[PDB]
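Coming up is one lone chain in structure tokens, specifically the form deposited in one PDB entry.
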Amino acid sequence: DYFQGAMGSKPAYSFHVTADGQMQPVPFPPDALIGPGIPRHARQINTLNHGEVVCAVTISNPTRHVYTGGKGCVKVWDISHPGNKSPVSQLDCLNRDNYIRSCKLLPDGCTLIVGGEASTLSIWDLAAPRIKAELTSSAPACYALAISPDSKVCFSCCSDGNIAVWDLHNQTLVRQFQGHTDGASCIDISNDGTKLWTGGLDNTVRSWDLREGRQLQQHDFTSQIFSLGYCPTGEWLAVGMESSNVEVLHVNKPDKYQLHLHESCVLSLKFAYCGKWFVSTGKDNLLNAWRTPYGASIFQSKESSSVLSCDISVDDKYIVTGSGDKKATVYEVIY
């Protein structure tokens, strides 16, 4: 009621690419920009003044605290207390000169795993925050992390291209997926939890079988991959490119969609938990919300600087973004 929808238009930006070289503008279905579970808009409700570029952001479950990863540390913010202007906690994880690149909360929300420009991954106990343990790898840096559905394993995208598989229980490296010839930049797990998908600076996206430990598919692109996400309801994989394109690949199938609403690198992306829509962030200061899988533009938010990272809450009610302007922004998704 506070805000009302108003339709806009743009030159064709969403295309469907067939098996053969053939691009065609997508005819948006009746529920492309409106419908159950589809956001009407997003309202900025908080700004978290980290003071360093925020390369990683995560939100707690229940939603009350936001974790921002900057240089050397992760700051914890209590967003359930509007008046707060400073963090309630600060986790020193790496050298004050090294940047945090990824931080992930375990399914239960009692542990946080932090990785970045260093050979060690820190595991923090968030129970009534202290360093619980550390995972030391031979790779110089970690660019992204993923936690297995059963919370027993942590996958780490290494700067050397390898994907490390860590057994959290005994802090041991049980497996290593080799393939990427350049750093692995992003990762996600299929909805059935049997497959892993990674993106790399070697211009490839690779799928891996977790119960076997071998590469299944490989998609080669014209530019580097910086982000990706697997649709929670399956069938689709969204990929953010340095070329500025967002590619939504049809798992196993030929066809795909190509989305063009970023003028620069797509640094991060995340699917809503319902899978009906997703967001991408870019070096061009834009946060774009897209309908799954064809990419109808649901909403756009222009921030003050590059948007390097993002996360969405488990109930799809909040979006947090990390900024080149040394802060994080909290948005409430309005339906």
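Heads up: residue numbers just count along the shown sequence, starting at 1.
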Worksheet item: Is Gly21 one of the residues left unmodelled in a third or more of the other entries compared?
Response: yes
Worksheet item: Where the other entries model residues on both sides, is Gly83 skipped in at least a third?
Response: yes
Fill in: Deposited but uncoordinated residues in the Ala128/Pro129 interval
1 to 3
Discussion item. Please compare 206-214 with 150-158 and say which has the higher mean C-alpha temperature factor in the record.
Written reply: 206-214
Worksheet item: Quick one: higher average CA temperature factor, 220-228 or 171-179?
Response: 171-179
Discussion item. So if I compare the CA B-factors in the entry for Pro87, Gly109, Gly199, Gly115, which one is the largest?
Written reply: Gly109
Worksheet item: Hey, out of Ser244, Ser102, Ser190, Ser185, whose CA B-factor is highest in the deposited coordinates?
Response: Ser190
Item to complete: Using the B-factor values recorded in the entry, state whether the Cα atom of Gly324 falls in the lowest, middle or highest third among the modelled residues of its chain.
Response: lowest
Discussion item. Sorting by Cα B-factor within the chain, modelled residues only, which third would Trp166 end up in: lowest, middle or highest?
Written reply: middle
Item to complete: Select lowest, middle or highest to describe the third in which the CA B-factor of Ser9 falls within its chain in this entry.
Response: middle
Practice prompt. For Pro293, return the chain-relative third of its C-alpha B-factor as stated in the PDB record: lowest, middle or highest.
Written response: middle
Worksheet entry | Third assignment of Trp124 from its chain's C-alpha B-factors | highest
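Beyond what is shown, the protein has a form deposited with a partner chain bound; the following relates to that form.
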Worksheet item: Of the options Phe226, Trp124, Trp236, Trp166, which one has a non-hydrogen atom that comes within 4.5 Å of the partner chain in the entry with it bound?
Response: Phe226
Fill in: One residue of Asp150, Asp192, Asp97, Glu212 in contact with the partner chain, assessed in the entry with it bound (non-hydrogen atom, 4.5 angstroms)
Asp97
Discussion item. Given the stretches 140-148, 244-252, 170-178, 84-92, which is the single one in contact with the partner chain in the entry with it bound, using a heavy atom cutoff of 4.5 Å?
Written reply: 140-148
Discussion item. Please determine whether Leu286 contacts the partner chain in the entry with it bound, using a 4.5 Å cut-off between heavy atoms.
Written reply: no
Fill in: 4.5 Å heavy atom contact, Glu117 and the partner chain in the entry with it bound
yes
Item to complete: Could you confirm whether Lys75 comes within 4.5 Å of the partner chain in the entry with it bound, counting heavy atoms only?
Response: no
Item to complete: Report whether the minimum heavy atom distance between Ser156 and the partner chain in the entry with it bound is within 4.5 Å.
Response: no
